[PDB]
Amino acid sequence: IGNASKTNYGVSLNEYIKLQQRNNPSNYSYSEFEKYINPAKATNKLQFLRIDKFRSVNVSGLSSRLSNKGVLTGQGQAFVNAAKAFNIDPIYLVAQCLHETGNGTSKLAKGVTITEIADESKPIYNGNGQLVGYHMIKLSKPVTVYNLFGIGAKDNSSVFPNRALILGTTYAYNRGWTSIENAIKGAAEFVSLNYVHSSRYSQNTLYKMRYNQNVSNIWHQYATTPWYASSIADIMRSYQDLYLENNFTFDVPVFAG
C-alpha cells in the first residue's frame with residue numbers, strides 16, 4: 001500500500017539474492033530466490049504487514065473458520081489469547097501455526113504421549129563417538145505434550161534419526177506444553193521474543209522474518225524455503241476478513257539496485 005514505510009536492505013537485489021543462496025544450508029536457484037525476494041513480484045501485501053501489534057478479531061468467527069484443522073480445529077480463543085498476551089497479530093499467529101503444523105496434522109502438534117524425557121546433560125555416544133541418545137528420566141504417568149514449531153527439536157543425524165522428536169518432546173514437557181492452549185502460547189512467545197518484538201533483530205513482518213533486513217544478521221532467519229513468507233501470507237489472506245478494525249501498517253523492503 002502507498003501508506004507503507006520502507007526498510008533499506010543496503011545492498012542490491014542481485015547481491016542480496018547471492019547472499020541468501022550462499023548462506024542457505026539447502027541449494028536453491030537464483031531464479032527461485034529472485035521471484036520471492038523481489039518486492040515488485042509480491043502479489044500479496046500481507047507479507048509486508050507489521051505483525052508487532054495485537055489487532056482485534058472476531059474470535060467466534062475465527063473458531064468457526066478453523067473448521068478442519070486437526071488439533072487446531074475450533075481453537076480461535078487459544079490463538080487470540082496467545083496473540084494478545086504477546087502483543088502480536090492473531091491472524092499472523094494462526095497462519096504461522098497452520099503452515100508449521102500442516103493444518104494441525106504434524107506429529108509434534110497432534111500430541112506425543114511420552115513416558116520419559118531426555119537429560120541432555122548426559123549424552124550417549126556410539127563407537128564412532130557420534131551422539132545416539134541421552135540418559136532418560138521416568139515420568140510417574142504417560143503425559144501428552146504438544147510442540148507446534150518443533151522448538152528445541154534440534155536436527156536428526158543419520159545415527160540419531162529421532163533426535164528432533166526426543167528433544168522436541170522434552171522441550172515441550174519442560175515448558176509445560178501439556179495442552180494445545182499452552183503450546184499455542186509457547187509458539188507466540190517464540191516468535192515474539194526471538195523475531196517480532198526483538199529490539200536487536202526487529203523482524204516485525206513475515207518478509208523480514210524470512211529475509212533479514214540487516215545482512216550481518218542473515219543467520220537469524222525463521223526458515224530456509226524461498227517461498228516461506230509468501231506461503232504464510234497466502235494463508236493470512238483466507239482469514240483477513242476477521243479483523244474488527246482497519247488499523248494496518250506496512251513496511252516494504254527496498255534494495256540499493
# chains A, B, ... in the order shown; residues from 1 in each chain; ligands from 1
>>> select_by_dssp(residues="range 81-248 of chain A", states="strand (DSSP E)", output="list in words")
residues 112, 113, 114, 115, 116, 117, 118, 119, 120, 121, 122, 123, 124, 125, 131, 132, 133, 134, 135, 136, 137, 138, 139, 140, 141, 142, 143, 144 and 145 of chain A
>>> closest_atom_pairs(of="range 98-175 of chain A", to="range 191-195 of chain A", cutoff="12 Å", atoms="only C-alpha atoms", output="JSON lines")
{"residue": "A:148", "atom": "CA", "partner": "A:191", "partner_atom": "CA", "distance": 11.8}
{"residue": "A:149", "atom": "CA", "partner": "A:191", "partner_atom": "CA", "distance": 9.8}
{"residue": "A:151", "atom": "CA", "partner": "A:191", "partner_atom": "CA", "distance": 10.5}
>>> write_last_selection(atoms="N, CA and C atoms", output="short mmCIF file (atom, residue, chain, number, x, y, z; two decimals), in the first residue's frame")
data_model
loop_
_atom_site.label_atom_id
_atom_site.label_comp_id
_atom_site.auth_asym_id
_atom_site.auth_seq_id
_atom_site.Cartn_x
_atom_site.Cartn_y
_atom_site.Cartn_z
N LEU A 148 4.27 -27.01 18.48
CA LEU A 148 3.78 -26.62 17.14
C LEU A 148 4.92 -26.34 16.17
N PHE A 149 6.07 -25.85 16.64
CA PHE A 149 7.12 -25.26 15.77
C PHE A 149 8.39 -26.09 15.93
N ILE A 151 10.18 -26.44 18.56
CA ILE A 151 11.14 -25.61 19.34
C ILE A 151 11.94 -26.58 20.22
#
>>> closest_residue(among="A:112, A:49, A:42, A:187", to="residue 82 in chain A", atoms="only C-alpha atoms")
A:187
>>> residues_around(residues="residue 222 in chain A", least_positions_apart="6", cutoff="10 Å", atoms="only C-alpha atoms", output="PDB file with N, CA, C and O atoms, in the first residue's frame")
ATOM      1  N   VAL A 191       8.028 -16.648  18.630  1.00  0.00           N
ATOM      2  CA  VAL A 191       8.142 -15.685  17.506  1.00  0.00           C
ATOM      3  C   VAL A 191       8.232 -14.267  18.052  1.00  0.00           C
ATOM      4  O   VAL A 191       8.904 -13.445  17.427  1.00  0.00           O
ATOM      5  N   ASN A 194      11.945 -13.720  19.959  1.00  0.00           N
ATOM      6  CA  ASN A 194      13.121 -14.027  19.093  1.00  0.00           C
ATOM      7  C   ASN A 194      13.112 -13.128  17.854  1.00  0.00           C
ATOM      8  O   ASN A 194      14.214 -12.896  17.301  1.00  0.00           O
ATOM      9  N   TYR A 195      11.940 -12.757  17.325  1.00  0.00           N
ATOM     10  CA  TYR A 195      11.839 -12.092  15.988  1.00  0.00           C
ATOM     11  C   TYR A 195      11.071 -10.784  16.096  1.00  0.00           C
ATOM     12  O   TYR A 195      11.600  -9.687  15.851  1.00  0.00           O
ATOM     13  N   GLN A 203      12.460  -8.081  13.457  1.00  0.00           N
ATOM     14  CA  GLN A 203      11.951  -8.869  12.304  1.00  0.00           C
ATOM     15  C   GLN A 203      10.422  -8.912  12.420  1.00  0.00           C
ATOM     16  O   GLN A 203       9.875  -9.925  12.857  1.00  0.00           O
ATOM     17  N   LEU A 206       6.388 -10.725   8.032  1.00  0.00           N
ATOM     18  CA  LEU A 206       6.740 -12.066   7.532  1.00  0.00           C
ATOM     19  C   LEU A 206       7.968 -11.999   6.624  1.00  0.00           C
ATOM     20  O   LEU A 206       8.868 -12.835   6.739  1.00  0.00           O
ATOM     21  N   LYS A 208      10.484  -9.925   6.657  1.00  0.00           N
ATOM     22  CA  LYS A 208      11.697  -9.712   7.469  1.00  0.00           C
ATOM     23  C   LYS A 208      12.077 -10.981   8.245  1.00  0.00           C
ATOM     24  O   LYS A 208      13.267 -11.232   8.447  1.00  0.00           O
ATOM     25  N   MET A 209      11.102 -11.734   8.711  1.00  0.00           N
ATOM     26  CA  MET A 209      11.368 -12.998   9.420  1.00  0.00           C
ATOM     27  C   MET A 209      12.145 -13.964   8.539  1.00  0.00           C
ATOM     28  O   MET A 209      13.062 -14.627   9.044  1.00  0.00           O
ATOM     29  N   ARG A 210      11.798 -13.996   7.253  1.00  0.00           N
ATOM     30  CA  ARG A 210      12.493 -14.905   6.308  1.00  0.00           C
ATOM     31  C   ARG A 210      13.771 -14.260   5.769  1.00  0.00           C
ATOM     32  O   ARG A 210      14.763 -14.975   5.643  1.00  0.00           O
ATOM     33  N   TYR A 211      13.718 -12.958   5.431  1.00  0.00           N
ATOM     34  CA  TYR A 211      14.787 -12.202   4.721  1.00  0.00           C
ATOM     35  C   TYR A 211      15.231 -11.061   5.620  1.00  0.00           C
ATOM     36  O   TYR A 211      14.603  -9.964   5.587  1.00  0.00           O
ATOM     37  N   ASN A 212      16.254 -11.329   6.452  1.00  0.00           N
ATOM     38  CA  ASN A 212      16.645 -10.330   7.487  1.00  0.00           C
ATOM     39  C   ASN A 212      17.109  -9.037   6.786  1.00  0.00           C
ATOM     40  O   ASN A 212      17.887  -9.099   5.846  1.00  0.00           O
ATOM     41  N   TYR A 228       8.777 -19.126   1.933  1.00  0.00           N
ATOM     42  CA  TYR A 228       8.171 -19.257   3.284  1.00  0.00           C
ATOM     43  C   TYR A 228       7.211 -18.096   3.616  1.00  0.00           C
ATOM     44  O   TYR A 228       6.058 -18.336   4.045  1.00  0.00           O
ATOM     45  N   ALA A 229       7.623 -16.834   3.421  1.00  0.00           N
ATOM     46  CA  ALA A 229       6.790 -15.694   3.848  1.00  0.00           C
ATOM     47  C   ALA A 229       5.544 -15.625   2.945  1.00  0.00           C
ATOM     48  O   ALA A 229       4.451 -15.312   3.422  1.00  0.00           O
TER      49      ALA A 229
END
>>> residues_around(residues="range 86-100 of chain A", least_positions_apart="2", cutoff="8 Å", atoms="only C-alpha atoms", output="PyMOL selection string")
chain A and resi 51-57+69+72+79-80+82-84+102-104+148-149+187-189+192+196+231-233+235-236+239-240
>>> residues_around(residues="residue 25 in chain A", least_positions_apart="6", cutoff="12 Å", atoms="only C-alpha atoms", output="ChimeraX atom specification")
/A:19,219,221,223-225
>>> select_by_dssp(residues="range 98-224 of chain A", states="alpha helix (DSSP H)", output="number ranges by chain")
A: 98-101, 107-110, 163-175, 180-191, 206-210
>>> write_last_selection(atoms="N, CA, C and O atoms", output="compact mmCIF listing (two decimals), in the first residue's frame")
# COMPACT_ATOMS: atom_id res chain seq x y z
N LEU A 98 -0.72 -22.75 11.28
CA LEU A 98 -1.34 -23.64 10.26
C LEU A 98 -0.21 -24.12 9.33
O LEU A 98 -0.12 -25.34 9.04
N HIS A 99 0.66 -23.22 8.88
CA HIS A 99 1.72 -23.61 7.91
C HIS A 99 2.69 -24.59 8.57
O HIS A 99 2.98 -25.61 7.93
N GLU A 100 3.15 -24.32 9.80
CA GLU A 100 4.19 -25.08 10.52
C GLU A 100 3.70 -26.47 10.95
O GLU A 100 4.57 -27.39 10.93
N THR A 101 2.40 -26.66 11.21
CA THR A 101 1.82 -27.93 11.70
C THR A 101 1.13 -28.73 10.55
O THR A 101 0.49 -29.76 10.87
N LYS A 107 3.20 -34.56 13.62
CA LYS A 107 3.32 -35.48 14.78
C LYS A 107 3.40 -34.68 16.09
O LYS A 107 2.55 -34.90 16.96
N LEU A 108 4.36 -33.76 16.21
CA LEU A 108 4.64 -32.98 17.45
C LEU A 108 3.41 -32.12 17.81
O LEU A 108 3.18 -31.93 19.02
N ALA A 109 2.68 -31.60 16.81
CA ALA A 109 1.48 -30.73 17.00
C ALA A 109 0.29 -31.55 17.54
O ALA A 109 -0.37 -31.06 18.48
N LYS A 110 0.03 -32.74 16.99
CA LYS A 110 -1.16 -33.58 17.32
C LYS A 110 -1.04 -34.11 18.75
O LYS A 110 -2.08 -34.48 19.33
N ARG A 163 16.26 -37.66 16.84
CA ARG A 163 16.82 -36.67 17.81
C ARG A 163 15.81 -35.52 17.98
O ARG A 163 15.57 -35.12 19.13
N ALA A 164 15.23 -35.04 16.88
CA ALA A 164 14.27 -33.91 16.89
C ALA A 164 13.04 -34.27 17.73
O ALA A 164 12.53 -33.39 18.45
N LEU A 165 12.62 -35.54 17.71
CA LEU A 165 11.43 -35.99 18.47
C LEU A 165 11.77 -36.04 19.95
O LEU A 165 10.94 -35.59 20.75
N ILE A 166 12.92 -36.60 20.31
CA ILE A 166 13.36 -36.73 21.72
C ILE A 166 13.47 -35.31 22.30
O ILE A 166 12.88 -35.07 23.33
N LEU A 167 14.17 -34.41 21.61
CA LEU A 167 14.42 -33.05 22.17
C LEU A 167 13.17 -32.17 22.05
O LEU A 167 12.89 -31.41 23.03
N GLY A 168 12.39 -32.30 20.98
CA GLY A 168 11.11 -31.57 20.83
C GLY A 168 10.12 -31.94 21.91
O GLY A 168 9.40 -31.04 22.42
N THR A 169 10.01 -33.22 22.29
CA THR A 169 9.01 -33.64 23.31
C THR A 169 9.52 -33.26 24.71
O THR A 169 8.67 -32.91 25.53
N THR A 170 10.83 -33.36 24.95
CA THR A 170 11.48 -32.97 26.24
C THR A 170 11.33 -31.45 26.43
O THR A 170 10.87 -31.07 27.49
N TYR A 171 11.65 -30.65 25.42
CA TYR A 171 11.46 -29.16 25.49
C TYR A 171 10.00 -28.84 25.80
O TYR A 171 9.73 -28.02 26.70
N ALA A 172 9.05 -29.46 25.09
CA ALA A 172 7.61 -29.25 25.33
C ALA A 172 7.26 -29.62 26.78
O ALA A 172 6.62 -28.81 27.46
N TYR A 173 7.68 -30.79 27.28
CA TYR A 173 7.42 -31.17 28.69
C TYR A 173 7.91 -30.07 29.63
O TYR A 173 7.15 -29.64 30.52
N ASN A 174 9.15 -29.65 29.44
CA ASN A 174 9.89 -28.73 30.33
C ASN A 174 9.36 -27.29 30.22
O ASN A 174 9.74 -26.47 31.10
N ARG A 175 8.60 -26.97 29.17
CA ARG A 175 7.89 -25.66 29.04
C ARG A 175 6.47 -25.75 29.58
O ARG A 175 5.77 -24.70 29.64
N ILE A 180 -2.99 -28.03 24.05
CA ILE A 180 -2.92 -27.23 22.80
C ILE A 180 -2.87 -25.74 23.17
O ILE A 180 -2.05 -25.01 22.54
N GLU A 181 -3.61 -25.31 24.20
CA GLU A 181 -3.66 -23.87 24.60
C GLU A 181 -2.25 -23.43 24.99
O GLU A 181 -1.83 -22.31 24.60
N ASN A 182 -1.58 -24.20 25.84
CA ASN A 182 -0.23 -23.81 26.35
C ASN A 182 0.76 -23.86 25.18
O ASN A 182 1.64 -22.98 25.12
N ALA A 183 0.61 -24.81 24.25
CA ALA A 183 1.55 -24.91 23.11
C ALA A 183 1.36 -23.69 22.20
O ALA A 183 2.36 -23.24 21.62
N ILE A 184 0.15 -23.19 22.08
CA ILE A 184 -0.09 -22.02 21.20
C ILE A 184 0.60 -20.84 21.88
O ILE A 184 1.25 -20.01 21.19
N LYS A 185 0.42 -20.70 23.19
CA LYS A 185 1.09 -19.59 23.93
C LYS A 185 2.61 -19.69 23.74
O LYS A 185 3.29 -18.67 23.50
N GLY A 186 3.18 -20.91 23.80
CA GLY A 186 4.62 -21.14 23.61
C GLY A 186 5.08 -20.73 22.22
O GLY A 186 6.17 -20.14 22.13
N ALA A 187 4.27 -20.98 21.20
CA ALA A 187 4.60 -20.64 19.80
C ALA A 187 4.64 -19.10 19.68
O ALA A 187 5.58 -18.55 19.12
N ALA A 188 3.63 -18.43 20.23
CA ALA A 188 3.54 -16.95 20.18
C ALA A 188 4.78 -16.35 20.89
O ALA A 188 5.35 -15.38 20.41
N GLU A 189 5.12 -16.87 22.05
CA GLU A 189 6.29 -16.39 22.80
C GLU A 189 7.55 -16.53 21.94
O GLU A 189 8.37 -15.61 21.89
N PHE A 190 7.73 -17.68 21.30
CA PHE A 190 8.95 -17.91 20.50
C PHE A 190 9.07 -16.85 19.42
O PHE A 190 10.12 -16.22 19.31
N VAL A 191 8.03 -16.65 18.63
CA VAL A 191 8.14 -15.68 17.51
C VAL A 191 8.23 -14.27 18.05
O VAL A 191 8.90 -13.45 17.43
N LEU A 206 6.39 -10.72 8.03
CA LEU A 206 6.74 -12.07 7.53
C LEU A 206 7.97 -12.00 6.62
O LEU A 206 8.87 -12.83 6.74
N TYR A 207 8.02 -11.01 5.73
CA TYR A 207 9.17 -10.89 4.81
C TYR A 207 10.45 -10.78 5.63
O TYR A 207 11.46 -11.47 5.29
N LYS A 208 10.48 -9.93 6.66
CA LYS A 208 11.70 -9.71 7.47
C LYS A 208 12.08 -10.98 8.25
O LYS A 208 13.27 -11.23 8.45
N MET A 209 11.10 -11.73 8.71
CA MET A 209 11.37 -13.00 9.42
C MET A 209 12.14 -13.96 8.54
O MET A 209 13.06 -14.63 9.04
N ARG A 210 11.80 -14.00 7.25
CA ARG A 210 12.49 -14.90 6.31
C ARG A 210 13.77 -14.26 5.77
O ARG A 210 14.76 -14.97 5.64
>>> residues_around(residues="residue 162 in chain A", least_positions_apart="6", cutoff="10 Å", atoms="only C-alpha atoms", output="list in words")
residues 132, 133, 153, 154, 155, 156 and 168 of chain A
>>> residues_around(residues="range 114-131 of chain A", least_positions_apart="4", cutoff="6 Å", atoms="only C-alpha atoms", output="list in words")
residues 135, 136, 137, 138, 139, 142, 143 and 170 of chain A
>>> atom_distance(atom1="CA of residue 252 in chain A", atom2="CA of residue 38 in chain A")
10.7 Å
>>> closest_residue(among="A:199, A:47, A:105, A:58", to="residue 234 in chain A", atoms="only C-alpha atoms")
A:47
>>> atom_distance(atom1="CA of residue 12 in chain A", atom2="CA of residue 248 in chain A")
28.1 Å
>>> atom_distance(atom1="CA of residue 5 in chain A", atom2="CA of residue 227 in chain A")
22.7 Å
>>> closest_residue(among="A:23, A:145, A:50, A:45", to="residue 247 in chain A", atoms="only C-alpha atoms")
A:50
